[PDB]
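Note that these values count all heavy atoms, side chains included, but never hydrogens, waters or copies made by symmetry. Just follow the structure's listing: the first ligand is 1, and inside any ligand the first atom is 1. Below, chain A is the first sequence line, B the second, and so on; all start at residue 1.
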4 protein chains.
Amino acid sequence: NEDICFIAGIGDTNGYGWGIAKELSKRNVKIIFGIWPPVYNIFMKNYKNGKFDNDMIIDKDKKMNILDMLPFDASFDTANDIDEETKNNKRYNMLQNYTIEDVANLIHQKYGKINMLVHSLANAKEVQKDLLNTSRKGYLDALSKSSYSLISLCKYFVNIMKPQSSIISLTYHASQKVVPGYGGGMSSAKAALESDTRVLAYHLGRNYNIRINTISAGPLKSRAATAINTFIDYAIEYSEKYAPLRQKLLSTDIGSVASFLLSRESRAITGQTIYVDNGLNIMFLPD
Amino acid sequence: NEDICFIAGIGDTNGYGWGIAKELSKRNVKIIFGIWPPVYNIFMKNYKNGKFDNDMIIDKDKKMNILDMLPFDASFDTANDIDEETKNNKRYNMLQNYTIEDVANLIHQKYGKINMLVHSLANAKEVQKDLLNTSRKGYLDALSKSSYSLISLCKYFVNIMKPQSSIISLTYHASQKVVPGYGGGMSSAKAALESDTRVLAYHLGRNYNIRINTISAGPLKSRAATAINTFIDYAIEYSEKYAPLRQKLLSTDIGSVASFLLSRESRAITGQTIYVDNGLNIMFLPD
Amino acid sequence: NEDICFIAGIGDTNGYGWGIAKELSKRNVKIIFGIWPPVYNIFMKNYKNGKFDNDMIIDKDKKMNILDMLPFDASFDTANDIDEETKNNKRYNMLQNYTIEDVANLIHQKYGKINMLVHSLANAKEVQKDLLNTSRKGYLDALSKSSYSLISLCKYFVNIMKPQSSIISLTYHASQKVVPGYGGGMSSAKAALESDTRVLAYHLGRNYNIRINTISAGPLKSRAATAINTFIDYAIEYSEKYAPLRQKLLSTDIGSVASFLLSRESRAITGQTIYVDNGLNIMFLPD
Amino acid sequence: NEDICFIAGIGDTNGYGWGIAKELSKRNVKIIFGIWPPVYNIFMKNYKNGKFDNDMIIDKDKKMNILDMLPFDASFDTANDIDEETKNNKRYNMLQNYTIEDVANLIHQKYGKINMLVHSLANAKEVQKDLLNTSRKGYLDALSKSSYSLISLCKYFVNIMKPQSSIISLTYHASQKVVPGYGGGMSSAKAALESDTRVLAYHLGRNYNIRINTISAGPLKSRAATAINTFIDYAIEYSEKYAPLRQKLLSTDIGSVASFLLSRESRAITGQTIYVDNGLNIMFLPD
Ligand SMILES: NC(=O)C1=CN([C@@H]2O[C@H](COP(=O)(O)OP(=O)(O)OC[C@H]3O[C@@H](n4cnc5c(N)ncnc54)[C@H](O)[C@@H]3O)[C@@H](O)[C@H]2O)C=CC1
Ligand SMILES: NC(=O)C1=CN([C@@H]2O[C@H](COP(=O)(O)OP(=O)(O)OC[C@H]3O[C@@H](n4cnc5c(N)ncnc54)[C@H](O)[C@@H]3O)[C@@H](O)[C@H]2O)C=CC1
Ligand SMILES: NC(=O)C1=CN([C@@H]2O[C@H](COP(=O)(O)OP(=O)(O)OC[C@H]3O[C@@H](n4cnc5c(N)ncnc54)[C@H](O)[C@@H]3O)[C@@H](O)[C@H]2O)C=CC1
Ligand SMILES: NC(=O)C1=CN([C@@H]2O[C@H](COP(=O)(O)OP(=O)(O)OC[C@H]3O[C@@H](n4cnc5c(N)ncnc54)[C@H](O)[C@@H]3O)[C@@H](O)[C@H]2O)C=CC1
């Protein structure tokens, strides 16, 4: 009854962002998508052309309720951070108000205050290279777009959020244990994300009584992943063979857990890393 | 519909088992109480004399749904394990079928297969003494009743559970970090419980497609809690003052998380230790 | 000079207790062996018949320094705990002072106070069965001999130890992650051991200025290891193939880490679980 | 007998770098200091003026053996990374060869190959601000100088290192648990460092058979620390009051552990975070 969620990081219907949106729809939550400018127009085209129609069906006679879809780039905090190469870039020149702060004001101006925030984005320019061979520039780019973006989102959005609101982000187990092909500083970015989730829980909890948690999801071949060296193919094969639960991991499985963590049911949970991976993380030696 | 849960470890309405029952009732789950014999009669008397009527109110008038109340002692696996003294004891004399094997059979014969199991019990003869001064017998007593009981419950109940059923137990952070005052081997018992949860998730997951998780709750002033002499009032005060979320921790806060974990919405989560403690566990240095 | 260490849990030269003895000898530490009665005679016979001469060679000719070899059974805290059957058993009949309390007194009376204690023992009657099929008695048997023994050792030995003394035990990763094959409650016992190590570090640290840590070793083919039926050859093969350091893990590798932990050079380390497993524990997905 | 260690991050004699150097000297290890250019000249002056003479005394007639002292800035990987503001800067204009790669070649050119590397440096421009208020620039600066610098050091130094060499860095527990005044992204940087230590252990272990670990040290009021909001004063007071071991934590206590991790004694340890904090990290509730 008046629940609005902003999902930062959606480019298709095969990722976690979509799965999360589908489950949140069952609870009658109004959804607002944050779309990376470079793929915003194409996404909008597919949408208008009905290419996503079947993916929006939920339960019996119920369709996903998308309030709005806005261009959004997590690498720019404010208008001042926009450089020339970007302001002059073709894909961006046509858009406006895509920095984190501009989006929060835009959302607040059109729909009022929200109470659910989802950080579901990762980006590492050198994800194909192993950590040892990742450049300083690539490493920082990974931390900047995948980790700091979480902090910035919170800084600017708590202003347009209601007390007792909830925030979640997605992480991967490579931050705690070694996963050979998860390079480019992505493992580093996930390690910082998980630690920052704890520190943020303290600050947001004491100052605004807002909760924040992160979901350590299992493999799901998709947009990003598929750019990981391939790599995602093995992760899935291994997961489906050695995980305590031999069922297929769906985006809606992360979605339903996200839904719970964003509702008042989770009232007493904050600063945690919740594993939704069919229990794969508990194994040591594969049978 | 057709959701049946057996809660093992209820002696009154001031514990987690009760808060868990109320919350499950909100989702229309049929409840079956497993009550420790020493307090079975008192509990029932109070129930009949309507001393729990107020505590059974859920949602506008909706009253808790209790299907049955059975005498249950987690120390005995089968009738063969019951010693002469206990069998002749004044509070056990007129009771029957209270061992773990007998209760599984009784529930099966009377209601068919169930799909939700809650282990909400702990016991330690020497809890007032610190670990170093705990005797072998007291240590093993704590482990037997607090940890092994989970394993035994699983062994006998898996035969009367449907596939995709869910099982949860309750633990405390003293298993991972030092909490002076939590003696008698209770900390040892919790560590074993948390480890056994992972191992059982593997066995129960692969062989029966059944899940098992454990909830690490924050301090609650219950009978078991006060048994430690108070330690509990300190734990509660400290928690309400240093946790990132400064609010009173209610038994129903754990209850709602338990309902989520017992429902099919947590389908991809197993073998985990979920913290429901207002975030206290993430803190290192207070303020 | 004046460094005396009691090693509890030696039955031959193929285990960690031996590798630990050799390494301590390199630093001129006087060694006292605590041998399980069932194998006391065989061990001694072999020692006298010079069947260990080769294995006692440390550094150019320097030979191991064994101060004494005592019958020791970790199941008994005091002489009062010894049951009629064990007392009359063929291998215990002619032996005396083998309980934990009696050995502490004997060592004290004969050599004075010591300053180094090594708990290198484990036992589980039902180790061949998986956790789910382990009986209450077998579970408690595992916990009693493998975990409680550490606590008891501490209680009686703190009276005969100097301030700043050091204590170590050995654990295995199966306590934190699922290892199919490590049954009988051994995984449960290790989890309790690791948790008890932290709690005891608090008590022993504040009250006696004594330290206690535990080493989580990698796979070694010893008697206890082969008791599991082989599981061990698999663990070893897997380890030498997937660990970040591909080298054979030697008992003396654990020995040198044990010497460091037992010496005053580790003065500021206590209550910890130190992994000496060629790094295997940090891996998630193999290759 | 031919052991050389490079210590990156030394500005005075009151930090961990010095404590580590002192202990390494007892083992006859030749020491090479890496000094941040901005304070290189002042440091050199004090040295020449004998201001550090007393701090170099070790044991009886033994003085610390400093092979060399070179200007070193962990924020520049190669000569090409040097910008104008720096090349034109007064403090730098007078120096040359202070980038990571230049130092490795310089060291290799003068003294040959080394076998011990210590990363002991941290720097966060906004360490006084809480994480929520840290800018993107400050966050990345913290990760760049405190975390990436580890990766870069390894990349360029493995070339001048011998097989079986060892590397260590220093970290703090704020990466795992919340520490209110440890801001500026320093907690984030430590979280990434610890995770990267694992990934690097895998790559360095398999490719060059080189080990890498990190030491999670306890409070020690010093150069950096004292710039933390003060903050270090409380940390120490708390540590000395609630830690299991009530002794003062000295820089040489970290030193002796570092010494062990850098020697062949640690042969089987890699990718680990070793706590040297008098056990403070194991506590939950303070007595
Ligand atoms: N790929 C996988 O299987 C796993 C996914 N999750 C996490 O879930 C998140 C999304 O993963 P997927 O759904 O697989 O990926 P997608 O399905 O690739 O989602 C990532 C989104 O990030 C957006 N993005 C990239 N750079 C951006 C920028 N600068 N500003 C704004 N948006 C930007 C993309 O346009 C895209 O919609 C990531 O944080 C990932 O680490 C966690 C573990 C494994
Ligand atoms: N209250 C607290 O502070 C915390 C509670 N939880 C855990 O929740 C569970 C229950 O705790 P509370 O609700 O506080 O306690 P209660 O509220 O004391 O619940 C424990 C129940 O166990 C029953 N019981 C004891 N021995 C038994 C046996 N041999 N057979 C059958 N039933 C037996 C008692 O009769 C009682 O109803 C325990 O596992 C406890 O460790 C976890 C962390 C903290
Ligand atoms: N071998 C391995 O793969 C691993 C060994 N370690 C641990 O190292 C310790 C010893 O292991 P190993 O050297 O492999 O075994 P051994 O080499 O089998 O050492 C165990 C010793 O315990 C003694 N023992 C058993 N029950 C006893 C009792 N009641 N009283 C006195 N002594 C008793 C045996 O006689 C034997 O000498 C155990 O705690 C084990 O769990 C830890 C992880 C893996
Ligand atoms: N301060 C403390 O009590 C703690 C210290 N340790 C860790 O030990 C390390 C050093 O700490 P302390 O000895 O207290 O500090 P110092 O004693 O302040 O050592 C830090 C060194 O970093 C150097 N440095 C800064 N920026 C540099 C750059 N761009 N290039 C090259 N060198 C640079 C400084 O000149 C200084 O010598 C840090 O990584 C810190 O996090 C770990 C936990 C707590």
Side-chain angles (χ1 to χ4, degrees), chain A residues 8-12 14-17 34-36 38-39 72-75 119-123 145-146 149 169-172 186 190 216-222 224-225 232 235 251, chain B residues 8-12 14-18 34-36 38-39 72-75 119-123 145-146 149 169-172 186 190 215-222 224-225 227 232 235 251, chain D residues 8-12 14-17 34-36 38-39 72-75 119-123 145-146 149 169-172 186 190 216-222 224-225 232 235 251:
Chain A
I10 288 189
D12 59 294
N14 316 303
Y16 281 126
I35 309 174
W36 187 43
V39 318
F72 174 89
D73 197 320
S75 62
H119 177 287
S120 178
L121 55 85
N123 194 175
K145 300 182 109 187
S146 314
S149 56
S169 62
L170 295 164
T171 188
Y172 182 53
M186 268 315 292
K190 291 306 190 185
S216 191
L220 184 86
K221 186 161 187 175
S222 57
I232 218 298
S251 66
Chain B
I10 295 182
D12 55 58
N14 306 303
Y16 281 124
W18 189 266
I35 308 166
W36 197 33
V39 301
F72 171 74
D73 193 322
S75 311
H119 176 290
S120 174
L121 70 105
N123 205 180
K145 303 180 179 181
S146 299
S149 48
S169 67
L170 298 153
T171 184
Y172 182 58
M186 270 315 297
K190 290 311 181 184
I215 292 176
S216 192
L220 187 82
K221 200 172 185 184
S222 58
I232 234 300
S251 65
Chain D
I10 288 189
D12 59 294
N14 316 303
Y16 281 126
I35 309 174
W36 187 43
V39 318
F72 174 89
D73 197 320
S75 62
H119 177 287
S120 178
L121 55 85
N123 194 175
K145 300 182 109 187
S146 314
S149 56
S169 62
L170 295 164
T171 188
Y172 182 53
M186 268 315 292
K190 291 306 190 185
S216 191
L220 184 86
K221 186 161 187 175
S222 57
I232 218 298
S251 66

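Put simply, part of D:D73 is less than 4.0 Å from ligand 4, judged by heavy atoms. Assignment of D:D12 to the shell around ligand 4 is supported, since a heavy atom sits closer than 4.0 Å.
Nearest heavy-atom pair across A:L121 and A:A74 is CD2-CB, 3.9 Å. Taking each heavy atom of B:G15 and B:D12 in turn, the nearest pair found is N-OD1, 3.5 Å. Looking at every heavy atom in both residues, B:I10 comes nearest to B:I35 through O-CG2, 3.3 Å. Nearest heavy atoms, B:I232 versus B:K221: CG2-CG, 3.6 Å. Scanning both residues, B:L170 and B:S120, for their nearest heavy atoms gives CD1-OG, 3.6 Å. The two atoms that bring D:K145 and D:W36 nearest to each other are NZ-CZ2, 4.1 Å, heavy atoms only.
At least one N/O-N/O distance between B:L220 and ligand 2 falls below 3.5 Å. Residue-to-ligand polar distances keep D:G17 apart from ligand 4: every N/O pair is separated by 3.5 Å or more. Any N or O atom pair closer than 3.5 Å counts here, and B:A225 shares no such pair with ligand 2.
The OG atom of B:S75 sits 7.0 Å away from the CG atom of B:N123 when rounded to the nearest 0.5 Å. Between atom CG of residue A:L220 and atom OG of residue A:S222 there is a gap of 5.0 Å, rounded to the nearest 0.5 Å. Here the NZ atom belonging to B:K190 is positioned 5.0 Å from the OG1 atom belonging to B:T171, to the nearest 0.5 angstrom.
Within the 4.0 Å heavy-atom criterion, the part of A:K190 lying near ligand 1 is the side chain and not the backbone. Proximity of B:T171 to ligand 2, defined as any heavy-atom pair under 4.0 Å, is confined to the backbone N, CA, C and O atoms. Contact annotation for D:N123 and ligand 4: only side-chain heavy atoms (C-beta onward) come within less than 4.0 Å of the ligand.
Atoms of ligand 1 lying under 4.0 Å from any heavy atom of A:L170, numbered from 1 in the order shown and given with element: 7 (C), 8 (O), 39 (O). Here is the list of ligand 2 atoms found below 4.0 Å of a heavy atom in B:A217: 43 (C). Below 4.0 Å from some heavy atom of B:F72 lie the following atoms of ligand 2, by number and element: 30 (N), 31 (C). Below 4.0 Å from some heavy atom of B:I10 lie the following atoms of ligand 2, by number and element: 37 (O).
Between atom 21 (C) of ligand 1 and the options A:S120, A:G11, A:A224, the minimum heavy-atom separation is to A:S120. Across A:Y172, A:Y16, A:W36, heavy-atom proximity to atom 4 (C) of ligand 1 is greatest for A:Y16. Between the choices A:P219, A:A74, A:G9, A:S222, the shortest heavy-atom distance to atom 30 (N) of ligand 1 belongs to A:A74. Nearest residue to atom 17 (O) of ligand 4 from D:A235, D:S75, D:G15, D:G218 is D:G15 (criterion: closest heavy atom).
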